[PDB]
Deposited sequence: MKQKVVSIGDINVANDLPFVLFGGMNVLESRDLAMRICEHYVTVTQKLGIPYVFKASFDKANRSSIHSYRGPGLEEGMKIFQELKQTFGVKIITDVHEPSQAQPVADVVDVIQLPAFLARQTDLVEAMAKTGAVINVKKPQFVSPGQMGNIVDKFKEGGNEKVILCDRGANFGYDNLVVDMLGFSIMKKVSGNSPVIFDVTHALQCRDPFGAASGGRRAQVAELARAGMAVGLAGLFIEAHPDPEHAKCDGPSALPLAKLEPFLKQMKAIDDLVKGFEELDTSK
């Protein structure tokens, strides 16, 4: 039962391989903050031997008001990914909402993300399947692990088979997320052993709890980990979804590699019988 590998450049993402980091920041506030954030990742990733794909959003469609911070935009934003790639030479992942945005970005970046709310948007899977780029499918909180067969299948059809699944937790009554550790196996199984990644930040909201959560995730064994940081977490340890104090990256990423390695090399165990 050998794992499907998804390769973002030299980067080999798979559930049996050493874990990839899709770290970064929520939005592209400024380049000035983008570059400083990307700095700490690349330095600490490269030091600690952790494959790295940078992540920031150029657009927002989940603002609370209309006359809020949309963000850079499709046009202004892609230049800031040009200027980061050359300066640091890392792979960039960003979310895409409108179908028309799909091709523009697949050129600029390496991994495109399918936001959870739009996971069941065939108009967007169609148009994002076209690009031929590596897809990150965020697993909707309101969709069960087994239902992720259909979204991978829809991608297959559109031609694109370079797909990652990202668990960002599941609705647990009102205004609460829980992470179903069992979900990861089910998403692997139903996905032709596609790479599963745990979006630990977006699986929190209602902390010190980033740590304990992401360990548990990694101890299952995953292809990668999706995290967001901030130098001063919007002030509160949580910029909307719970952002990690940038400073604490290394001693945290220490803990994750330590588990990912201890776990990834394990006399394959079958409690089945």
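Undergrad: According to the record, which stretches of the deposited sequence lack C-alpha coordinates?
TA: Seq positions lacking coordinates: 207-217, a single run.
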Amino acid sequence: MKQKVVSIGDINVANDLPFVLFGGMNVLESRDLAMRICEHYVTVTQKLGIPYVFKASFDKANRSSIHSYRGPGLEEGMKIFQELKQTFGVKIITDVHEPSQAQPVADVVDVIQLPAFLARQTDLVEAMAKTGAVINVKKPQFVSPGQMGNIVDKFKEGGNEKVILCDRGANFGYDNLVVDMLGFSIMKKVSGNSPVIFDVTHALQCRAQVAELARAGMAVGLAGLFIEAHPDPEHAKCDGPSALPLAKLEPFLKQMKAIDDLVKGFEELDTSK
From here on, numbers count along this sequence of modelled residues.
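Undergrad: Out of 244-252 and 65-73, which one has CA B-factors that are higher on average in the deposited record?
TA: On average, C-alpha B-factors are higher across 65-73.
Undergrad: Comparing 97-105 with 184-192, where is the mean C-alpha B-factor higher?
TA: Comparing averages over the C-alpha atoms only gives 97-105.
Undergrad: Among 28, 216, 222, 210, which carries the highest Cα B-factor?
TA: Checking the PDB record, the top C-alpha B-factor among 28, 216, 222, 210 is at 28.
Undergrad: Choose from 201, 121, 136, 171 the residue with the greatest Cα B-factor as stated in the PDB record.
TA: Within the set 201, 121, 136, 171, 121 shows the top C-alpha B-factor.
Undergrad: Which third of the chain does residue 151 land in by C-alpha B-factor: lowest, middle or highest?
TA: Middle third of the chain for residue 151's C-alpha B-factor.
Undergrad: Among the modelled residues of its chain, does the C-alpha B-factor of residue 35 lie in the lowest, middle or highest third?
TA: It belongs to the highest third of the chain when residues are ordered by C-alpha B-factor.
Undergrad: Lowest, middle or highest third of the chain for the C-alpha temperature factor of residue 176?
TA: For residue 176, whose C-alpha B-factor we compare with every modelled residue in the chain, the answer is the lowest third.
Undergrad: Sort the modelled residues of this chain by their C-alpha B factor and say whether residue 92 lands in the lowest, middle or highest third.
TA: Within its chain, residue 92 is a highest-third residue by C-alpha B-factor, going by the deposited values.
Undergrad: State the tercile, meaning the lowest, middle or highest third, of residue 167 with respect to the CA B-factors recorded for its chain.
TA: Lowest third.
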